[PDB]
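Worksheet for the structure shown next.
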Amino acid sequence: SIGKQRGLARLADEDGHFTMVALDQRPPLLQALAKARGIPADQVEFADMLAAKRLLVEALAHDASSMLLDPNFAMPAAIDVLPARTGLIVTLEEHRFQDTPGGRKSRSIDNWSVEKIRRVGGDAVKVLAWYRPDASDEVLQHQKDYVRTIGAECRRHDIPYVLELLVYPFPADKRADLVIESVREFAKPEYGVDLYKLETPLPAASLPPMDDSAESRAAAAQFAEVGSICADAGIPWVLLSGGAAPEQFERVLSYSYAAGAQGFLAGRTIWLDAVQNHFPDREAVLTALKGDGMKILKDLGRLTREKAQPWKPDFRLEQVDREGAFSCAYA
Amino acid sequence: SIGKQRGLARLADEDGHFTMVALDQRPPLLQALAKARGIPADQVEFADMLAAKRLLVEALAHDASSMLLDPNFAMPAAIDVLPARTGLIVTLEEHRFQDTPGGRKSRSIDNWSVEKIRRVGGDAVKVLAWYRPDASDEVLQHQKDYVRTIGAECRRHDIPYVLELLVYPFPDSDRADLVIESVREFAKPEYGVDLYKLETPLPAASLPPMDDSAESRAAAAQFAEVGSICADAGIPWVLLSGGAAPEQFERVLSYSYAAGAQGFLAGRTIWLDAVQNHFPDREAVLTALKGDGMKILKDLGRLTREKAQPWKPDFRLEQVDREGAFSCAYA
Amino acid sequence: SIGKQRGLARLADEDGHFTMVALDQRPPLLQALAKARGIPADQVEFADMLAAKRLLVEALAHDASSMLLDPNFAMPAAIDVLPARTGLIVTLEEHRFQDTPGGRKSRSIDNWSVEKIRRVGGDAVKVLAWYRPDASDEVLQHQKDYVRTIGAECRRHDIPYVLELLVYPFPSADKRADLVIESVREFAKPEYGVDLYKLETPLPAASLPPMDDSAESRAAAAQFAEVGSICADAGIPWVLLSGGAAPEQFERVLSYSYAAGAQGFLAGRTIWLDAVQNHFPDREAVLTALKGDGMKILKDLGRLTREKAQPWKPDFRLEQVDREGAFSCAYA
Amino acid sequence: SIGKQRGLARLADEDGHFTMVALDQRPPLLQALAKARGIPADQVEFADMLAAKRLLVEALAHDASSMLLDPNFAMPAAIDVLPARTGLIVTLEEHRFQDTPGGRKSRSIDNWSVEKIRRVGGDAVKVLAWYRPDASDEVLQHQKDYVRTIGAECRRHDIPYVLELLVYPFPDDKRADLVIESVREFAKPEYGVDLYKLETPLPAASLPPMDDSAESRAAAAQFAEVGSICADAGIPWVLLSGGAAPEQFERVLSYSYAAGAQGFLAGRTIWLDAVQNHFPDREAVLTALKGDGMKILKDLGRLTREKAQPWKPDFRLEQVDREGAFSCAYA
């Protein structure tokens, strides 16, 4: 299991923290470009999707321990501008999920794979699995099988399996139980998850300041259950920004880092203003980013370096007694 | 192409220099540990080989762009202490070559492969091929087929093929042309070589200072032919220490960096005396390394920065104009 | 190239003929089972699909040189009753194609791949690509890219690439023949890596006149000979899909095709549709209907192939090796 | 597990019998051609090795349920004449074992693999592992690790793992113990053996007729032990000829089949005399292979259909109740 540990080390910074940036947005980027161009979403050229993902990778790489890129857009647009020492998490789940009456059904991106991600020099495989424990049996069986089959692929190619879990509405107190029980399920050893991309159990807006107050301790107990499931499974957990205001998301992180979270995954929030208001003027997008998005990014990174417990690689290698034992054992 | 270019980017430092450290020594390290312990080479226990390679990774990994490690000894000994940002080149050649009257015959390490190197999260595959153009047709066709088969495996796994070429003496019971024709043959597109680990075409002691003189003009011309072959093929090249003294090896680099070379691969010079004179006192070995090998390493990196042309990853991406084309094309 | 040659040899009988049977039908079998049960298709239990596939493999494996199985239904249903000597072709395309206004877009079955077909012991990979030369540039670009990416997967795993081409209507016999023939001409290009072709009739089965010395016959045979010519130049053997044509009509399509160089056929729905539809789940009554009709049709098709089809022969065309180690070094 | 079961089905005849022919001989076939030409073993040409293996495949393939071919010699010589319906078993162990004083060390053929055997369309991988339970710990550990890593390769590529076990003399009733304890050791689930290729546990010449006698019962007890080990582990077993006389190998098979064996993997017994005597005339070798050599094989198959118990595939699959569960589970 060397590749999984080494792969996760390449996603964390020199200190062992996960200061990740998500740049795999497919419809969100297309929609942000439809607003910037003033044209309908169906008229936005592919060239525009590329120039936007190239600009974001150039702008946010030097302040990210690792970046999440999708294969069809960000990989051809910015693989040559992503620094070598920045970790590369490659998206595997297809954005066009099946919205059935009993819940959402996930599948991999066509003509892409865990094997291909390993081949292209990717450091980790990422899968977002829309999940809620109250889904129909058919939907629960589909999602569990999909996550499991990807976990098997990642074990086969010894590559870090990064599972992002998200609850959804069918086509606040209840939501917190739906989140925790989703985390508990995919923390089972059969799924082979190596890193959790988790959403907050309680909304960012509903969070009181960190204090000994009964209100704050009842909220911290929700985060504590998540952190307890992840420490027992041995899986580090980071947090999706979710679009919450920078201060609201900073509070989410203060609560999460107390319960044991090891980092964050920054989303749209960072650049959604710079892209919509200034594309295609590259220089103008970089100005709005250097004062808003990159500021928040450096702040979240500083909060992680201070409050978050660093992750450490767990290399419990077998006792290699003779020359050749390692090559045989690694099979 | 993407995995090979990004893999190569992880072997060079931030600026694009290959300041690599060879740490895959098998018989030389065993012989260095025999002298350090008093006992003969056949009595050196496996635990000492691990202990030695772990000290050498801990003390040199931070002052190296990438490190070449062997699978059976260095992988289980120091994979946990190899920095995530330091590139990892894994040895594929079996050190026990066949010394036939007509030349040396090479093969891969048993139970180890290009596929396994891609799996552990290795950035590059290293193969040492013993080669003399004047070898027998049997030995020539054996070495050619072995190097070509590894290039095919490296192309299949889209991982950089780092080929090391060495000139050797024939079996003896009781110099520049041989290097240039070795470099020329394997530079052909059938071998798929991505990085060269070449030796100096003229001895290190024989090298005159870089003068306008016809002696230095004819000596630099030998390096220029090596550099022109590497440049026409598109294969960057690095120089291996090969036992030269600090000043002797620095002249080789001063000559090669003007001829095109993109860096160095430092070997036994850095730690041979530090190991042989102080093993197994860790505090003593690290002290000896700082005042000698580490000092040389710092000077070689400074010389590489002052005179070596930075290598650039040439991503010759076949332009994609639609969502799905990248996944389909990457096959 | 060895694996593709051995794989192709295992899809044909020891004479060289492709007497193949298609058992990868997903919605057509679901509709047949809904009609047998007297319930809606969305009420058909998954166990009925397995019982049907298993019935059909045991029944038709006697008269078939190779069989086409789909991974999610046929493979769990009947891999244990598929004879070791009957070749195994595994379906890769998803039956749920994207029905865009500009044309149909294809994709692989989720969580199934060429690497898995090679791993499980499959002899060949099968992809059906919906194709029209006059479809939109985007749809054309998608289909060409999908076909080519599976051809690359098949070269990497050295396994035969069986490609089936089918024309369809968007959401004249000479106008259909142009759509069919120009589809064959495109995917015969070397970049696609096609090893075997599963083709529909360029001219309708009903329209075909008797194979005599008339002008009507030479005109019809010309379309078959253009298909036969494109395939012989590319080195791709071609078989014919029954496509729901009546037995007499399919035997006529085969006579025209075999004269043009076709090396066999792939029998679909025709063989078992009514048998399953009328008697499922009474296992015996299904076999009894199959023996009196479908199995008789397959025996006739196999006999016609033995007499009139040209035998496919393997051409290993291996580069000569002169030393021990050369073969292992060259196969990489 | 599907590919393993179907691969075993393809090595057996329509009635589950293993009537296999081995023509992967490297040193034994070399010695036969050296004797046929008068010249030493070191003088036998490569073309002579190819022609001989091509004759055996043309002559015997139609009367064998499956054949065992080696990559370097029998594969380029006869893959084009090997019938589609004859199972192809491909050798993997290097014939040049390491003959240490403590015992024999095994390795795979250079540049060949289980991955390549799957790729060429081979139905099974074959490894011969030289074994004695009384060899040194260094040798026992090596053979154990080599057998185990190939089992893991065959599990990864879901391909039958045919393991041949052979006792040998150390350099420069007791035999039954070396044979039976070898069988016992590699029947352990960790090795992932799918089919056994075993030598007789009692010398072929020492065997009395198959009568209800004390001598017969004593010998049959050594065969029954092998049968029980194999039957408990669920591993079918076939007996290798070992160059024994035809009448002797029929007695070895009668005892083996009465104890549960499912066939044979006969080599030199069938064709050694045809090649050793009449090489290099094509018509003469094919006359002695179709008349005398094929008679032995035809008799061996006749005894097998009469007395050997059929092998039956256990396709005990994990039951699926929905569309997509097979593809998810097959990972």
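No Cβ is skipped: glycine too gets one built from the backbone with ideal geometry, and neighbour counts run over all protein chains shown. Computed from the coordinates by the stated procedures, all read-outs in this text should not be read as laboratory data.
Out of (1) over 23 Å from residue D:293 (Cα atoms); (2) more than 16 Å from the chain's Cα centre (by Cα), what's the single condition that is false for residue D:31? Failed condition: (1).
Of all residues in segment B:26-49, those satisfying the criterion of being within 14 Å of chain A (Cβ to nearest Cβ), crowded, with 16+ Cβ neighbours inside 10 Å and part of a helix (DSSP H, G or I) are B:29, B:30, B:33, B:46, B:48, B:49.
Every test in (1) within 14 Å of another protein chain (Cβ to nearest Cβ); (2) over 21 Å from the mean Cα position of the chain (by Cα) is passed by residue A:220 save one, and that test is (1). Of the residues making up segment D:192-213, just one is closer than 25 Å to residue D:5 by Cβ and surrounded by fewer than 22 Cβ atoms within 10 Å (Cβ to Cβ), namely D:192. Applying the condition of being touching a helix residue (DSSP H, G or I) at 6+ places or on another chain (Cβ under 9 Å) and of a type in the set (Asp, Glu) to segment A:112-152 and asking which residue is surrounded by the fewest Cβ atoms within 10 Å (Cβ to Cβ) yields A:134. Screening the candidates C:55, C:23 for the property of being crowded, with 20+ Cβ neighbours inside 10 Å and within 14 Å of the chain's Cα centre (by Cα) yields one hit, C:23. Looking at (1) surrounded by fewer than 17 Cβ atoms within 10 Å (Cβ to Cβ); (2) under 20 Å from residue C:16 (Cβ atoms), can you tell me which one residue C:216 breaks? Among (1) surrounded by fewer than 17 Cβ atoms within 10 Å (Cβ to Cβ); (2) under 20 Å from residue C:16 (Cβ atoms), the lone unmet condition for residue C:216 is (2). The residue that is farthest from residue A:68 (Cα to Cα), counting only those in segment A:95-152 that are at the interface with chain D (Cβ under 10 Å from one of its Cβ atoms) and among the polar types (S, T, N, Q), is A:141.
If I filter segment C:63-72 for residues that are surrounded by 19 or more Cβ atoms within 10 Å (Cβ to Cβ), in contact with an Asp or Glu (Cβ under 9 Å, 6 or more places away or on another chain), of a type in the set (A, V, I, L, M) and part of a helix (DSSP H, G or I), do I get at least one hit? No, because not a single residue in segment C:63-72 is surrounded by 19 or more Cβ atoms within 10 Å (Cβ to Cβ), in contact with an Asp or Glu (Cβ under 9 Å, 6 or more places away or on another chain), of a type in the set (A, V, I, L, M) and part of a helix (DSSP H, G or I).
The residue that is surrounded by the most Cβ atoms within 10 Å (Cβ to Cβ), counting only those in segment C:154-177 that are within 13 Å of another protein chain (Cβ to nearest Cβ) and not in a helix (DSSP H, G or I), is C:161.
Just one of the numbered conditions (1) over 30 Å from residue A:323 (Cα atoms); (2) within 19 Å of the chain's Cα centre (by Cα); (3) at the interface with chain C (Cβ under 10 Å from one of its Cβ atoms) is not true of residue D:67: (3). Against the list (1) closer than 30 Å to residue C:317 by Cβ; (2) of a type outside the set (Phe, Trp, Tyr); (3) assigned to a helix (DSSP H, G or I), the condition residue D:151 fails is (1).
Scanning segment D:313-331 for residues that are farther than 11 Å from residue C:76 by Cβ, surrounded by 13 or more Cβ atoms within 10 Å (Cβ to Cβ) and not small (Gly, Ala, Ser) yields D:313, D:328. Restricting D:312, D:307, D:290 to residues that are of a type in the set (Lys, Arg) and farther than 30 Å from residue D:227 by Cβ narrows the list to D:290.
Of all residue pairs spaced 6 or more apart or on separate chains, those with beta-carbon atoms under 8 Å, a first member in segment D:8-22 that is over 21 Å from residue D:242 (Cα atoms) and a second member that is charged (D, E, K, R) are D:8/D:194; D:10/C:85; D:10/D:123; D:14/C:85; D:15/D:305; D:16/D:312.
Would you check which residues across segment C:180-222 are within 22 Å of residue C:267 (Cα to Cα) and among the basic types (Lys, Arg) and list them? Residue satisfying the conditions is C:198 alone. Of D:245, D:288, all but one fail to be among the hydrophobic types (A, V, I, L, M, F, W, C), farther than 26 Å from residue D:194 by Cβ and under 18 Å from the mean Cα position of the chain (by Cα); the exception is D:245. Residues in segment C:299-324 that are in a loop (DSSP other than H, G, I, E, B) and touching a strand residue (DSSP E or B) at 6+ places or on another chain (Cβ under 9 Å) were compared, and the one that is nearest to the other protein chains (Cβ to nearest Cβ) is C:312.
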